[PDB]
Amino acid sequence: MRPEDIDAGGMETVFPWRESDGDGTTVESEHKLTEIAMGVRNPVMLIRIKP
Amino acid sequence: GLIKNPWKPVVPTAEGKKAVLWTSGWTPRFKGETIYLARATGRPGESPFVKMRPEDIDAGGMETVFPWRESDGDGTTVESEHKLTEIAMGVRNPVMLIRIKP
Amino acid sequence: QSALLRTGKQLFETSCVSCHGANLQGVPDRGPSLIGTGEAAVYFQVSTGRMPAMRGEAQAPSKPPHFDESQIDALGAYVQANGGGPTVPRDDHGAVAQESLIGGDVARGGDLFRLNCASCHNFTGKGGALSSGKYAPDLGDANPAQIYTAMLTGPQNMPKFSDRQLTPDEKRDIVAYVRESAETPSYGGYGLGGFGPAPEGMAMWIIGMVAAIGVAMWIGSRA
Amino acid sequence: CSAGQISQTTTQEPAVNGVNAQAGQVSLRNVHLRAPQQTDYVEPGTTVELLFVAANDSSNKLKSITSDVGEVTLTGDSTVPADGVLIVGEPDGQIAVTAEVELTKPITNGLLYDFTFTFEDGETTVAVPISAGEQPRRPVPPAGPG
Amino acid sequence: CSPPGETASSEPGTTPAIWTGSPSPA
Ligand SMILES: CCCCCCCCCCCCCCCC(=O)OC[C@H]1O[C@H](O[C@@H]2[C@H](O)[C@@H](O)[C@H](O)[C@@H](O[C@H]3O[C@H](CO)[C@@H](O)[C@H](O)[C@@H]3O)[C@@H]2OP(=O)(O)OC[C@@H](COC(=O)CCCCCCCC[C@H](C)CCCCCCCC)OC(=O)CCCCCCCCCCCCCCC)[C@@H](O)[C@@H](O)[C@@H]1O
Ligand SMILES: CCCCCCCCCCCCCCCC(=O)OC[C@H]1O[C@H](O[C@@H]2[C@H](O)[C@@H](O)[C@H](O)[C@@H](O[C@H]3O[C@H](CO)[C@@H](O)[C@H](O)[C@@H]3O)[C@@H]2OP(=O)(O)OC[C@@H](COC(=O)CCCCCCCC[C@H](C)CCCCCCCC)OC(=O)CCCCCCCCCCCCCCC)[C@@H](O)[C@@H](O)[C@@H]1O
Ligand SMILES: CC(C)=CCC/C(C)=C/CC/C(C)=C/CC/C(C)=C/CC/C(C)=C\CC/C(C)=C/CC/C(C)=C/CC/C(C)=C/CC/C(C)=C/CC1=C(C)C(=O)c2ccccc2C1=O
Ligand SMILES: CC(C)=CCC/C(C)=C/CC/C(C)=C/CC/C(C)=C\CC/C(C)=C/CC/C(C)=C/CC/C(C)=C/CC/C(C)=C/CC/C(C)=C/CC1=C(C)C(=O)c2ccccc2C1=O
Ligand SMILES: CCCCCCCCCCCCCCCC(=O)O[C@H](COC(=O)CCCCCCC[C@@H](C)CCCCCCCCC)COP(=O)(O)O[C@H]1[C@H](O)[C@H](O)[C@@H](O)[C@@H](O)[C@@H]1O
Ligand code: HEC
Ligand code: HEC
C-alpha cells in the first residue's frame, strides 16, 4: 500500500508482510500467512491527521 | 439426528449420481476419462504420485498403484494438496499390479 | 581377470554341479538354471550361507557361510560370465561397498519400508509367517550389501524390485532404515521381543498376576 | 509333510526375465529380446536383437531361427560342442554369434511374441518376452498444479 | 453355497486396444 491510499481522517489496519511469504497459494505460504494473521501483537492502526 | 440413508446418490459419475458403495476412485467421472496407474515414490511436498511404464516392473515383481488423473498433480498448491490426500486415504483405491513369468 | 575365472570354476564343479548342472542349465526337480542371475544373486546366496542347500523342504534356511570373500568373488565372477545380470556395488578401493550404501533420509526410507516391506517382515524388521512352512526372517543380522542385494534379485517367495521400480537411491534409504531400526535401544524398558500384545499379555499373566496372588496368599489365611 | 514327492523348493523357476524352454536334446535358457523403447511401440524397419544360451549334455548340432515378426538373420559358427554351450547374445553385464531381427511388425514390452527355433534334429516354438537389463529409469516430465 | 457369478471360462480373449481418450468433460 501507498501513502496516497488514505484520505485525511481515515484509519486502516495493517500487518507485517515480507517478500518471502507472499501469495499463499502453496501450503508453506498459507502457513506463513496464517501465522501473521493470528499473531497476538501483530495488528497496527495507521491514521492520517488533517493538516 | 444420527440416522442416515446409505443408498442415497451423492457421488457424481459418467452416469449421474450414485451411492457411495457402488463407486471408488477408479469409477470414470465422464466418458473417455483417462485414469493413470500411479505409484507412491517421494515426500508429500515432492509430487507423491508419478506415472509408470510396463518396462519398470519385471517378472516376479509386484507394485502398489493408485488412480491418478492429470487434473491433480504435484500437490505444490493447497488445491491439489487436498486432492492427493483423498486418493491415498480411499478405502477401495489401492491396486496390486503383478507381472507373471512367461 | 582370466586367472580368477578358472579358480571360480573349480570351486563350482566340487560343490554346485550336483543341483545346478555342469553348464549351469539346471538339474530337473533338484535345482533351477543359473543363466542370467548375475553375481548379486551369488553374493546374496553364498555370503548368507543359503548356498549350498542340503535338502528339499518348504524353504531353505540360512546358516554359516561355506566360503570366504575371495572365493565368493571368484564364484560370482564365474557365474556373471555365463549370461550377465545384476552386479554387487563396489567402492573406490574395489571392495564391497558397506558404508556408502547408507542413505541420508530415514523418514522416506521408513515409509517406503512400511508400504513395500512391512507386510512380510514386521514394523521394525522382525519375522513373519507365510503360507505353509515358509516365513520372512529377521533383518537384524544383514550388512548393508546383503540388504541391498536381497531386494535386487529376489531370493525366494520374496518378490524382486528392479532398479527401475525402486531406483538405487530409494534402496539406500530403505537399507538405512533397516540398519537403524535394529540398533536403536528401547525407550521405556525391556523390549519384550517387539511383537506387541502377545508378549505383553504373557508378561502380565506370568509376572503381575503371579506377584499379586503371592502377596494375597501371604496376607490372607488358608482353609 | 513339506519334504515329500511334491516340494515347494525344487520346482521354483529362476527369476531371470526370460524363458527356459526345451527342444530336441537341447535346452534353451534366458531367451529374450533387446529393443530399447522410446514410445508405445517399436516401429517396423528397426532392427532388434535376440539373446539366449543353448546347452546339451553329450556331439554337434546345427540351428536356424525363424519367426513371424520380420526375418531373423544369424552370424557365426552356430554349432554346439559336446560338453559345452552356445552363447549367442551378450546381455548387459558380461565383461561370436549374433541374431538380428528386421521386425516387419511393431512390438511392445509386456506382450509375448512367437519365435521358432529349429535345429538339425529338433524344433520348438518359444513365445519370447522382451527384457530391459541394466538400463536406468527413463525420465518422466513433471506435472503441474492441476 | 457357491457364489453365483463366479465362473471359469474357456474363451481365448483379445489383446486390449490402445487408449485414445475423449478430450474434455462432455
Ligand atoms: C514386579 C516386577 C516387574 C518388572 C520386571 C522386569 C524384569 C525384566 C528386565 C529387567 C529391566 C531392565 C531395564 C533396562 C532396559 C534396557 O537397558 O534394555 C536393554 C535392551 O535389551 C534388548 O536387547 C538385547 C541385546 O542387548 C541387543 O544387543 C539386541 O539387539 C536385542 O535383540 C533384539 O533385536 C534384534 C534385532 O536386531 C533381534 O535380532 C533379536 O531377536 C531381539 O529381538 C536383545 O534383545 P533380547 O533377546 O530381548 O534379550 C534377552 C533377555 C531375556 O529377557 C528375559 O529374561 C525374559 C523376561 C520375560 C519372561 C516372560 C516370558 C513368559 C514365558 C512362559 C513361561 C511360556 C510358557 C508357559 C505357558 C504354557 C504353560 C503350560 C506348560 O536377556 C538376554 O539377553 C538373555 C537372558 C538374561 C536376562 C535375565 C534377567 C531376568 C530373568 C528372570 C528370572 C531370573 C533367573 C535367571 C536367568 C538367567 C532389547 O530389548 C533392547 O530393545 C533393549 O534396549
Ligand atoms: C495311526 C494308526 C492307525 C492307522 C491308519 C494310518 C496309518 C498310516 C497310513 C497312511 C498312508 C501313507 C502315507 C505316506 C505317503 C506319503 O507321504 O504321501 C505321498 C505324497 O503326498 C503328497 O501328494 C499326494 C500325491 O502324491 C500327489 O501326486 C498329488 O498331486 C497330491 O494332490 C494334491 O496336490 C495336488 C497338487 O500337487 C493337486 O493336484 C491335488 O488336487 C491335491 O490337492 C497328493 O496330495 P493329497 O491328496 O493332499 O493327500 C493324499 C495322501 C495324504 O497322505 C496321507 O496319508 C494323509 C495323512 C493323514 C493320516 C490320517 C490320520 C488318522 C487320524 C488318527 C487315527 C486319529 C487319532 C486318534 C487317537 C487314538 C485314541 C485312543 C482311544 O494320501 C492319503 O490320504 C492316503 C490314504 C490313507 C489314510 C487312511 C486313514 C483314515 C481311516 C480312519 C482310521 C481310524 C483308526 C482308528 C479308528 C477306530 C506329496 O505332496 C508329498 O507330500 C507326499 O510324498
Ligand atoms: C495355534 C495353536 C492352536 C497353538 C498350538 C500349536 C502347537 C502345536 C504348539 C506346540 C508348541 C511347541 C512347544 C513347539 C515345539 C515342539 C514341541 C516341543 C512340541 C510338544 C512337546 C511335548 C508334547 C512334550 C514336552 C512337554 C512340555 C510340557 C513342553 C513345554 C513346551 C512349552 C511350555 C513351550 C511354550 C508353549 C507356547 C505355545 C507358548 C506361547 C508363549 C507366547 C505366545 C509368548 C510370545 C513371546 C514371544 C514370541 C517373544 O518374542 C518374547 C520375547 C521376550 C519375552 C517374552 C516373549 C513372549 O512371550
Ligand atoms: C470358569 C468359567 C469360564 C465359567 C463357565 C461358565 C459357563 C459354562 C458359561 C458359558 C460361556 C461359554 C460358552 C464359555 C466359553 C468361554 C469364552 C469363549 C470366553 C468368555 C470370557 C471369559 C468367561 C473369560 C474367563 C476365562 C478365565 C476364567 C480364565 C482364568 C485363568 C486362570 C484361572 C488362571 C490363573 C492362574 C495363573 C496365574 C496362571 C499362570 C499364567 C498362565 C499361563 C495363565 C493362562 C493365560 C491366560 C489366561 C491368557 O489369557 C493369556 C493371554 C496371553 C498370553 C498368555 C496367556 C496365558 O498364559
Ligand atoms: C429402541 C431404540 C430404537 C427405537 C426404534 C423406533 C424408531 C425410532 C427411529 C425413527 C427415526 C426416523 C427419523 C426420520 C428421518 C428419516 O426419514 O430418515 C430418512 C430415512 O427414512 C427412513 O427410511 C426410516 C427408516 C428407519 C429404519 C432404520 C433404523 C433401523 C436401524 C438404522 C437402527 C438405527 C439405530 C441407529 C443407531 C445409532 C448409533 C448409536 C448407538 C433418511 O434421512 P436423510 O436422507 O439421511 O437426511 C437427513 C440428514 O439431512 C440429516 O443430516 C440427518 O443425518 C438425518 O436427519 C437424515 O434423515
Ligand atoms: C542342490 C541341493 C543344490 C546345491 C548343491 C546348490 N544349490 Fe543353490 N539352489 C538350489 C535350489 C533348489 C535353489 C532354488 C530355491 C531356493 O532359492 O532355495 C537354489 C538357488 C540358488 C540361487 C538363486 C538363483 C535364483 O535367483 O534363481 C543361487 C545364486 C544359488 N542357488 C547358488 C548356488 C551355488 C553358488 C552353489 C554352489 C556352492 C549352490 N547353489 C549349490 C539347490 C542347490
Ligand atoms: C513377502 C513375500 C516379502 C516381502 C514383500 C519382502 N520380503 Fe524380505 N524376505 C522374504 C522371505 C520369504 C525371505 C527369505 C528368503 C531366503 O531366505 O532365501 C526374505 C529375505 C529377506 C532378506 C534376507 C534375509 C536376511 O539375511 O536377513 C532381507 C534383507 C529382506 N528380505 C529384506 C526385505 C526388504 C528390505 C523388503 C522390502 C523392500 C522385503 N524384504 C520385502 C519375504 C518378503
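Chain letters run A, B, ... following the sequence lines, proteins first, then strands; residues in each count from 1. Atoms within a ligand are numbered from 1 in the order they appear, just like the ligands themselves. Computation of the quantities below employed the complete heavy-atom set of this structure, encompassing side-chain atoms and omitting hydrogens, waters and symmetry-equivalent molecules.
Both tests do not hold together for C/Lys9 against C/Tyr78: distance to the six-membered ring centre under 6.0 Å, angle to the ring axis within 45°.
From the protein, the heavy atom lying nearest to atom 64 (C) of ligand 1 is C/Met202 CE, 3.4 Å. At the shortest separation from atom 43 (O) of ligand 1 among protein heavy atoms lies C/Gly193 O, 3.9 Å. The single protein non-hydrogen atom nearest to atom 93 (O) of ligand 1 is C/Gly191 N, 3.2 Å, given as residue, atom name and distance. With respect to atom 36 (C) of ligand 1, the closest heavy atom belonging to the protein is C/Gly140 CA, 4.2 Å. For atom 1 (C) of ligand 1, the closest non-hydrogen atom of the protein is C/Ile207 CG2, 4.2 Å. When hydrogens are left out, the protein atom nearest atom 97 (O) of ligand 1 is C/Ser186 N, 3.4 Å; that is the closest non-hydrogen contact. What sits closest to atom 46 (P) of ligand 1 on the protein, heavy atoms only, is C/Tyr190 OH, 3.8 Å.
Against a heavy-atom cut-off of under 4.0 Å, D/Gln5 is close to the following atoms of ligand 2: 94 (C), 96 (C), 97 (O). Within ligand 2, the atoms closer than 4.0 Å to a non-hydrogen atom of D/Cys1 are 95 (O), numbered from 1 in the order shown.
Distance remark: protein heavy atom not present below 4.0 angstrom from atom 34 (O) of ligand 1. Atom 48 (O) of ligand 1 is approached by the protein to below 4.0 angstrom, counting heavy atoms only. Protein non-hydrogen atoms do reach within 4.0 Å of atom 95 (O) of ligand 1.
The option with the heavy atom closest to atom 41 (O) of ligand 1, from among C/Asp138, C/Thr184, C/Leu192, C/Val210, is C/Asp138. Of the listed options C/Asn122, C/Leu139, C/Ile206, C/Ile206 places a heavy atom closest to atom 60 (C) of ligand 1. With distances taken over non-hydrogen atoms, the option nearest atom 38 (C) of ligand 4 out of C/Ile213, C/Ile207, C/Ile206 is C/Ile213.
For the residue pair C/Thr48 / C/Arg50, a side-chain donor-acceptor distance below 3.5 Å is found, with atom types taken as modelled.
Between the CG atom in B/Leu21 and the CZ atom in B/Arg92 there is a gap of 5.5 Å [rounded to 0.5 Å].
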